[PDB]
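The structure under discussion appears below in the form of structure tokens.
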Amino acid sequence: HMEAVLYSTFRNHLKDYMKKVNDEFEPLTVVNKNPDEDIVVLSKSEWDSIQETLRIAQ
Amino acid sequence: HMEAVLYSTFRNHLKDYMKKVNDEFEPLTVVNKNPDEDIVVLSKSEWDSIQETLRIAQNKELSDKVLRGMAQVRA
Amino acid sequence: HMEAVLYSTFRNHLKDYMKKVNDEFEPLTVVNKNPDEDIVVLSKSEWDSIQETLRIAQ
Amino acid sequence: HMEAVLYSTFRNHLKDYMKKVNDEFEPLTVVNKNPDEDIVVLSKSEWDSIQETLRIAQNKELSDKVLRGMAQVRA
Amino acid sequence: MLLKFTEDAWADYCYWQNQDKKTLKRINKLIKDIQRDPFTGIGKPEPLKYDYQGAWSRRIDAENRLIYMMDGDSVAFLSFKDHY
Amino acid sequence: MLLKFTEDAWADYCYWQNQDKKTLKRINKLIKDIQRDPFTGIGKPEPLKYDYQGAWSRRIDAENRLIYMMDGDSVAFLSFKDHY
């Protein structure tokens with residue numbers, strides 16, 4: 001699954017969102033105006049879990 | 001490794017870092033005092049490609065078929 | 001493989017998103033300010049597969 | 001068995017139909033002329049419930065563990 | 001609010017006791033939060049459907065889930081590790 | 001635009017030819033769209049990463065992917081069916 005956050009809301013409540021992705025383990029997309037500047041934020045836990053799977057493949 | 005950005009630097013210059021991840025195609029990690037709150041900031045383009053790659057690496061059978069096939073095509 | 005959009009963007013480009021739902025086979029969460037208006041939009045193709053898997057679990 | 005609606009009636013009462021699938025907790029297909037063009041609209045709550053159930057169902061070992069345990073808790 | 005464990009859940013709980021103190025602390029934080037309110041709180045509680053109706057799920061990490069259910073005045077844990 | 005099939009990819013393509021007429025038509029439309037441009041178009045073209053760097057992906061349906069790669073002036077298909 002995926003949530004979308006206004007970049008101003010993401011900036012104003014950054015610490016709360018870094019707490020949320022590390023508690024719920026879901027990614028969120030931060031939207032601005034230029035869609036080529038869209039970013040995905042995820043927890044360091046889930047990131048390491050994916051890189052672990054991608055190197056297990058090798 | 002990965003570029004580590006301080007929490008307040010990332011917050012102040014968020015718009016700038018939204019550009020850097022999409023032009024360098026590289027993941028950044030944002031860190032505060034509590035390392036349990038560490039996040040990885042990715043380009044949305046890279047994320048879709050990583051998900052596609054990850055879907056293959058989870059199918060051992062599909063992983064082999066693809067990988068064996070690229071070798072035949074490289075020759 | 002999930003994509004997320006805010007409601008305002010989803011309403012302005014309603015028809016373009018409905019077509020892309022069944023070409024890119026990627027479900028879409030429509031994030032609102034009221035989370036009790038949040039919806040997920042997916043192709044019927046993907047729904048029948050999800051229900052086929054749950055049927056296999058039986 | 002799913003409540004089918006027309007894309008027109010859907011786009012008209014858009015925000016109202018979003019409040020319907022959350023209150024009713026029921027899936028809803030909006031149908032079109034092309035039998036493939038039709039799509040399913042669902043509440044994010046039910047979706048999270050289906051996905052979490054699916055992740056358990058796809059893992060037979062953990063499904064066996066959960067279903068066995070659930071039997072012992074009721075018995 | 002009694003705390004039930006099936007054999008398989010206690011085995012899972014003791015595996016995290018020996019391995020990874022961080023995961024053990026996370027599981028414990030979830031158990032405290034469940035004891036406050038089994039239906040809401042941290043770890044994104046989600047009810048399960050179909051043949052697992054009655055069971056609930058919270059997120060220990062990205063790969064593991066805490067499966068539990070409430071039968072009256074008690075919480076019963078079904079699982080703390082997703083795969084061995 | 002020369003077209004290459006691996007032995008396994010051809011078996012995938014031959015499977016959809018006898019199984020579902022509708023999948024066969026979707027595969028054919030993707031192949032048509034790869035020929036006009038392999039890197040953009042319908043089916044959400046997506047490049048693969050790490051050990052699959054060079055390979056690309058498109059969506060046949062929710063379960064199956066069209067996996068291809070370039071060889072100069074040619075497209076080499078790797079798969080038409082994710083799992084059997």
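Please note that chains go A, B, ... in the order of the structure tokens, that every chain numbers its residues from 1, and that ligands are numbered from 1 in the order shown.
All chain C residues having an atom within 9 Å of chain E, based on only C-alpha atoms, amount to residues 54, 57 and 58 of chain C.
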Those residues with N, CA and C atoms, as a short mmCIF file (atom, residue, chain, number, x, y, z; two decimals), in the first residue's frame please?
```cif
data_model
loop_
_atom_site.label_atom_id
_atom_site.label_comp_id
_atom_site.auth_asym_id
_atom_site.auth_seq_id
_atom_site.Cartn_x
_atom_site.Cartn_y
_atom_site.Cartn_z
N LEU C 54 -7.35 -16.13 -2.32
CA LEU C 54 -8.09 -16.39 -1.09
C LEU C 54 -8.93 -17.66 -1.20
N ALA C 57 -6.59 -20.60 -0.61
CA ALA C 57 -6.35 -20.81 0.81
C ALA C 57 -7.49 -21.58 1.46
N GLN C 58 -8.73 -21.36 1.00
CA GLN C 58 -9.93 -22.09 1.42
C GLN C 58 -10.00 -22.37 2.92
#
```
Determine, for each residue of chain D having at least one atom at most 6 Å from an atom of chain E, the closest pair of atoms and their separation in Å to one decimal, counting only C-alpha atoms; order by chain and ascending number, as CSV.
```
residue,atom,partner,partner_atom,distance
D:49,CA,E:48,CA,5.6
D:53,CA,E:48,CA,5.1
D:66,CA,E:78,CA,5.8
D:69,CA,E:78,CA,5.7
```
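All residues within range 33-70 of chain D that the backbone DSSP calculation assigns to strand (DSSP E) are residues 39, 40, 41, 42 and 43 of chain D.
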Practice prompt. Show me which bits of chain B are within 9 Å of chain C, counting only C-alpha atoms, as number ranges by chain.
Written response: B: 48, 51-52, 55
Residues from last step as file, N, CA, C and O atoms, as a JSON list (two decimals), in the first residue's frame:
```json
[["chain", "number", "residue", "atom", "x", "y", "z"],
["B", 48, "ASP", "N", 9.61, 2.54, -8.12],
["B", 48, "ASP", "CA", 8.85, 1.65, -9.00],
["B", 48, "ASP", "C", 9.76, 0.62, -9.66],
["B", 48, "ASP", "O", 9.37, -0.54, -9.82],
["B", 51, "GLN", "N", 10.70, -1.95, -6.96],
["B", 51, "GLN", "CA", 9.59, -2.88, -6.75],
["B", 51, "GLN", "C", 9.51, -3.92, -7.85],
["B", 51, "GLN", "O", 9.24, -5.10, -7.58],
["B", 52, "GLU", "N", 9.74, -3.51, -9.10],
["B", 52, "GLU", "CA", 9.70, -4.45, -10.21],
["B", 52, "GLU", "C", 10.82, -5.47, -10.10],
["B", 52, "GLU", "O", 10.60, -6.68, -10.23],
["B", 55, "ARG", "N", 10.01, -7.85, -7.29],
["B", 55, "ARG", "CA", 9.01, -8.85, -7.64],
["B", 55, "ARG", "C", 9.64, -10.04, -8.36],
["B", 55, "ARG", "O", 9.19, -11.18, -8.20]]
```
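Chain A and chain C, identical in sequence, superpose over all their Cα atoms with an RMSD of 1.3 Å.
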Give me the chain A side of the contact with chain C, cut-off 12 Å, one line per residue showing its nearest atom pair and distance in Å at one decimal, counting only C-alpha atoms, sorted by chain and residue number, as CSV.
```
residue,atom,partner,partner_atom,distance
A:1,CA,C:2,CA,5.3
A:2,CA,C:4,CA,5.4
A:3,CA,C:4,CA,5.6
A:4,CA,C:4,CA,5.7
A:5,CA,C:6,CA,7.9
A:6,CA,C:6,CA,8.6
A:7,CA,C:6,CA,12.0
A:9,CA,C:33,CA,11.4
A:26,CA,C:2,CA,11.0
A:27,CA,C:2,CA,9.8
A:28,CA,C:4,CA,8.2
A:29,CA,C:4,CA,7.2
A:30,CA,C:4,CA,9.9
A:31,CA,C:5,CA,8.8
A:32,CA,C:6,CA,11.5
A:33,CA,C:9,CA,11.0
A:35,CA,C:5,CA,11.4
A:38,CA,C:4,CA,11.4
A:39,CA,C:4,CA,11.8
A:40,CA,C:3,CA,10.6
```
Item to complete: List every residue of chain F that DSSP, applied to the backbone of this structure, places in helix (DSSP H, G or I), and write the result as a VMD selection string.
Response: chain F and resid 7 to 19 21 to 36 50 to 52
Restricted to C-alpha atoms, what would the selected residues look like written as a PDB file, in the first residue's frame?
```
ATOM      1  CA  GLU F   7      13.511 -20.808 -25.890  1.00  0.00           C
ATOM      2  CA  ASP F   8      11.752 -20.229 -22.555  1.00  0.00           C
ATOM      3  CA  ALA F   9      10.093 -16.994 -23.692  1.00  0.00           C
ATOM      4  CA  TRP F  10       8.742 -18.747 -26.797  1.00  0.00           C
ATOM      5  CA  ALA F  11       7.220 -21.455 -24.590  1.00  0.00           C
ATOM      6  CA  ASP F  12       5.546 -18.714 -22.537  1.00  0.00           C
ATOM      7  CA  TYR F  13       4.190 -17.119 -25.719  1.00  0.00           C
ATOM      8  CA  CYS F  14       2.987 -20.498 -26.990  1.00  0.00           C
ATOM      9  CA  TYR F  15       1.228 -21.081 -23.661  1.00  0.00           C
ATOM     10  CA  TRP F  16      -0.902 -17.939 -23.938  1.00  0.00           C
ATOM     11  CA  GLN F  17      -1.664 -18.806 -27.573  1.00  0.00           C
ATOM     12  CA  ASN F  18      -3.533 -21.989 -26.574  1.00  0.00           C
ATOM     13  CA  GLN F  19      -4.817 -20.854 -23.144  1.00  0.00           C
ATOM     14  CA  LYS F  21      -7.358 -15.533 -26.471  1.00  0.00           C
ATOM     15  CA  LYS F  22      -7.585 -12.317 -24.442  1.00  0.00           C
ATOM     16  CA  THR F  23      -4.094 -12.568 -22.941  1.00  0.00           C
ATOM     17  CA  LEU F  24      -2.706 -13.325 -26.410  1.00  0.00           C
ATOM     18  CA  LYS F  25      -4.233 -10.083 -27.713  1.00  0.00           C
ATOM     19  CA  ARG F  26      -2.792  -8.042 -24.830  1.00  0.00           C
ATOM     20  CA  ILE F  27       0.664  -9.558 -25.380  1.00  0.00           C
ATOM     21  CA  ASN F  28       0.371  -8.737 -29.080  1.00  0.00           C
ATOM     22  CA  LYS F  29      -0.540  -5.123 -28.306  1.00  0.00           C
ATOM     23  CA  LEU F  30       2.470  -4.790 -25.992  1.00  0.00           C
ATOM     24  CA  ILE F  31       4.812  -6.219 -28.644  1.00  0.00           C
ATOM     25  CA  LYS F  32       3.342  -3.700 -31.095  1.00  0.00           C
ATOM     26  CA  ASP F  33       4.025  -0.913 -28.594  1.00  0.00           C
ATOM     27  CA  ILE F  34       7.564  -2.094 -27.816  1.00  0.00           C
ATOM     28  CA  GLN F  35       8.347  -1.804 -31.525  1.00  0.00           C
ATOM     29  CA  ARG F  36       7.373   1.875 -31.676  1.00  0.00           C
ATOM     30  CA  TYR F  50      20.931  -5.043  -9.842  1.00  0.00           C
ATOM     31  CA  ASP F  51      21.401  -8.586 -11.256  1.00  0.00           C
ATOM     32  CA  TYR F  52      18.678  -7.848 -13.841  1.00  0.00           C
TER      33      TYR F  52
END
```
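Take CA of residue 10 in chain D and CA of residue 35 in chain D: the distance between them is 16.5 Å.
Taking CA of residue 3 in chain E as the reference point, CA of residue 39 in chain E is found at 15.1 Å.
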Practice prompt. Give me the residues within 9 Å of residue 18 in chain D as an NGL selection string, counting only C-alpha atoms and dropping any in the same chain fewer than 5 places off.
Written response: (:C and (36-39)) or (:D and (13 or 23 or 41-43))
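CA of residue 43 in chain C lies 9.3 Å from CA of residue 24 in chain C.
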Worksheet entry | Surrounding residues of residue 32 in chain B excluding itself and chain neighbours under 5 positions, 8 Å, only C-alpha atoms, as an MDAnalysis selection string | chainID B and resid 6:7 37:38
